[PDB]
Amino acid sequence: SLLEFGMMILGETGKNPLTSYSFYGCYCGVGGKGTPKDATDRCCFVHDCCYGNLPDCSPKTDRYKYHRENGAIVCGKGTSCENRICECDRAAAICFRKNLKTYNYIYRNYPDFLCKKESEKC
């Protein structure tokens, strides 16, 4: 669920997701459209695609468990849905971490009006 996802982002990046990953670029936030502005934004695009590929699940609300082994996120053994949702979230958190090096505050609060370009397909 989004509860676990927020904690996972914080644990993996060191950044509060509400201030760094909630209104960024064209995809990190509500109503994603157009093309990703940078690598960080593309993490959000790919996460949206991952959730969209799970119509038989409830990715935002279905709780799951995770932990760490050797510093790394390990998803718990849950239902098929919980496992798939957790893997979407894990992939995204690791993507944010790997792309911290090109994070740019200039894309915070980027206006949706400038994302009115043909939306990239998953």
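Note that residue numbering begins at 1 and tracks the sequence as displayed.
Undergrad: Out of 94 to 102 and 21 to 29, which stretch has the higher average CA B-factor listed in the record?
TA: The recorded data point to 21 to 29.
Undergrad: Between 6 to 14 and 108 to 116, which has the higher average C-alpha B-factor in the PDB entry?
TA: Between 6 to 14 and 108 to 116, it is 108 to 116.
Undergrad: Compare the CA B factors listed in the entry for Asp38, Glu69, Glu82, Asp89 and report the winner.
TA: Each of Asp38, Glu69, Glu82, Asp89 was compared by C-alpha B-factor; the highest is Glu69.
Undergrad: Considering only modelled residues of the same chain, in which third does the CA B-factor of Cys43 rank: lowest, middle or highest?
TA: Within its chain, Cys43 is a lowest-third residue by C-alpha B-factor, going by the deposited values.
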